[PDB]
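Results of the structural survey
One-letter residues, chain by chain:
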Amino acid sequence: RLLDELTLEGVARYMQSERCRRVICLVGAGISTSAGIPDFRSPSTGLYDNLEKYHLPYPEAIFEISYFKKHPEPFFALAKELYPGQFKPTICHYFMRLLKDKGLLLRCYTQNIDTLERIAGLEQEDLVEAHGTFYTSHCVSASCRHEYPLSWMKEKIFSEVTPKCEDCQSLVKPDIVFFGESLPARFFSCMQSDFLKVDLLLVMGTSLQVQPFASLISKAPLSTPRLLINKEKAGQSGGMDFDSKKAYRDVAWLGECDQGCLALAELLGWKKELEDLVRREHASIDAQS
Amino acid sequence: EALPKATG
Ligand SMILES: *[C][C]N1=NN([C]2O[C]([C]OP([O])(=O)OP([O])(=O)O[C][C]3O[C](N4[C]=NC5=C4N=[C]N=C5[N])[C]([O])[C]3[O])[C]([O])[C]2[O])C([C][C][C][C][C][C][C][C][C][C][C][C])=[C]1
Ligand SMILES: [Zn+2]
């Protein structure tokens, strides 16, 4: 086994060894809830528990592409209701930024569309935005593909006018990979090389229920340690094995992503670095307001 | 016919 003990401190010591050079992060909505952007599965607060008003056949229909193309108004109403007053990345995003700054980050595969990874300073090469982004939008006509910015989209969303393409009058959709849409080719290009050379998987803020993203946890070599930082266990059935007698590489830190990243950063000797990074960047954002 | 799709 590569971990000396199945704890956060053991993962930290492994990350300080020379064997751990390439770290892949797999993140979901949980790493952004502390930024005011709700998740999907959490009781009461999750999006799937707050869609009775939109009168949908099933909660996921508001995020399914065929439903959107038939009835886009519920999605854009929900978007107006959820559009954040401020885009501030979390301590978890800035922990990934520290991984980048120290040359340890091979890739961040994110399921989120909030661009907080970019805002925290992760560059395009560092990112697999597996499910797209809200930042750009496109006409849904494949022979048109007129691109519209977040300003145009946000204006149409708050004026409660359904976004329509100025050239062919088709629907304009944010560049989110809705359910039923294919993931970008970059996902499948990166995975091929990334998961042959990964030394540590860091899974944060995801329930690991949406495919093909969840399957990524089984693409790593069997020796590669995997650390989950999440309010609840996830990815158990090559699934996650935290508790069995055969457990050897999977560690679950149950709690807030921000708290677990603070603790791991402190165990690595990065407490003050992460604090300064968060302070400076949140100040820069509050200044550019 | 297409690359793998986002599915719950
Ligand atoms: C196919 C494609 N697609 N996808 N999608 C979605 O789905 C999914 C989901 O998953 P996730 O991300 O993982 O999430 P959930 O399930 O909810 O889970 C979460 C998790 O985490 C946790 N937590 C929470 N919080 C917390 C935690 N932990 C720690 N810490 C903290 N703080 C819980 O417990 C659980 O486990 C994915 O993939 C996604 O992507 C889709 C859909 C999309 C949609 C979008 C849009 C929305 C609206 C708008 C918004 C705007 C903003 C700016 C598709
Ligand atoms: Zn068009």
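The structure this text deals with has already been given above.
The notes below deal with the structure included here. (Residues numbered from 1 in each chain as written, not as in the entry; some residues may be left out. Chains lettered and ligands numbered in written order. Heavy atoms only, no water.)

**Some details on the coordination of the zinc ion (ligand 2)**
All names here are of chain A. Distances from the zinc ion (ligand 2) to its protein donors, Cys139 (SG), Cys144 (SG), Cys165 (SG) and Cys168 (SG), fall within 2.3 Å. Classification of the site at the zinc ion (ligand 2) rests on its 4 donor atoms, whose angles at the metal span 100 to 113°, yielding the label tetrahedral. The sequence pattern describing where the donors of the zinc ion (ligand 2) fall on their chain is C-x4-C-x20-C-x2-C. You can see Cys139 sitting in strand β4 (residues 132-139) and its partner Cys165 sitting in the loop between α6 (150-158) and β6 (172-176), a full 26 residues away along the chain. The exposure classification of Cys139 matches that of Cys165, with both residues buried. (Donors = N, O, S within 2.8 Å, 3.2 Å for Na, K, Ca; no water. Tetrahedral: all angles 85-135°; square planar, octahedral: opposite > 155°, others 65-115°. Helix = DSSP H or I, 4+ residues; strand = E, 2+ residues; numbered from the N terminus. Buried < 20%, exposed > 50% of the residue type's maximum accessible area, 1.4 Å probe, protein only.)

**Describing the packing of helix α3 (residues 73-82) of chain A against α6(A)**
All names here are of chain A. Running from N to C, α3 and α6 point in directions that differ by 100°, and their axes come no closer than 9 Å. In terms of their interaxial angle, α3 and α6 are classed as roughly perpendicular. Of α6, the residues touching α3 (which contributes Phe76, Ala79 and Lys80) are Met153, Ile157 and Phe158. Looking at side-chain class alone, the contact of α3 with α6 contains 5 nonpolar, no polar and 1 charged residues. (Axes fitted to C-alpha atoms, helices over the stretch in contact; angles between N-to-C directions. Parallel < 35°, antiparallel > 145°, perpendicular 65-115°, else oblique. Contact = heavy atoms within 4.5 Å. Nonpolar A, V, L, I, M, F, W, Y, C, P; charged D, E, K, R; others polar.)

**Focus: the site of ligand 1**
Lining the immediate environment of ligand 1, one finds 28 residues, of which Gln111(A), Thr206(A), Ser207(A), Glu232(A) and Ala6(B) sit closest. Residues near ligand 1 are shared among chains A and B, making this a multi-chain site. In this structure, a nitrogen atom belonging to ligand 1 sits 2.9 Å away from a main-chain N or O atom of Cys257(A). If ligand 1 stood free it would expose 1,100 Å²; the protein chains cover 96% of that surface. (Near = heavy atom within 4 Å. Polar contact = N/O pair within 3.5 Å; in protein donor to acceptor, adjacent residues only side chain to side chain. Areas by Shrake-Rupley, 256 points an atom, 1.4 Å probe, with all protein chains shown as cover.)

**A few points about the pattern of salt bridges**
All names here are of chain A. Per the stated rule, a full pass over the model turns up 19 salt bridges over all chains. With a shortest N-O distance of 3.6 Å, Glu281 and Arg97 are connected by a salt bridge. On the basis of relative accessibility, which here comes to 16%, the residue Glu281 falls in the buried class. By relative accessible area, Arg97 is classed as buried at 17%. With its nearest N and O atoms 2.7 Å apart, the salt bridge here joins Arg118 to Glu129. Of this pair, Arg118 sits in helix α5 (residues 116-119) while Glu129 sits in strand β3 (residues 127-129), placing them 11 residues apart in sequence. The structure contains a network of salt bridges with shared partners spanning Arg97, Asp101, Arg280 and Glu281. (Salt bridge = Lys/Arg side-chain N within 4 Å of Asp/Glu carboxyl O.)

**Here we look at the side chain of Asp126(A)**
When you line up the elements, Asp126(A) lands in the loop between α5 and β3. When its relative accessible area of 7% is taken as the criterion, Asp126(A) is described as buried.

**Some words on the interface of chain A and chain B**
In this complex, chain A contributes 14 residues to the contact, which on the side of chain B involves 7 residues. Carbon and sulfur atoms supply 58% of the area that chain A and chain B bury against each other, a total of about 760 Å² over both sides. For the pair chain A and chain B, the interface holds 0 salt bridges. At the junction of chain A and chain B, the tally comes to 5 residue pairs in polar contact. Residue composition of the side of chain A that touches chain B, grouped by class: 8 nonpolar, 5 polar and 1 charged. (Buried area = accessible area lost by both parts, 1.4 Å probe.)

**Description of the sheet that holds strand β9 (residues 250-254) of chain A**
Residues and elements named next belong to chain A. Taken in spatial order, the 6 strands of this open sheet run β3-β2-β1-β7-β8-β9, and their pairing is parallel. Looking at strand neighbours, the two that pair on one side only are β3 and β9, the edges of this open sheet. Between one strand axis and the next, the sheet turns through 15° on average, direction left out of account. Bridge count for strand β2 (residues 105-110) against β3 is 3 bridges, and the pairing is parallel. From the neighbouring strand, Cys108 faces β3, where its bridge partner is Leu127. Across the sheet, helix α7 (residues 185-197) lies against β1 (23-27), β2, β3 and β7 (200-204), angled at about 135° from β2, the strand it touches most. (Pairing = 2+ DSSP bridges.)

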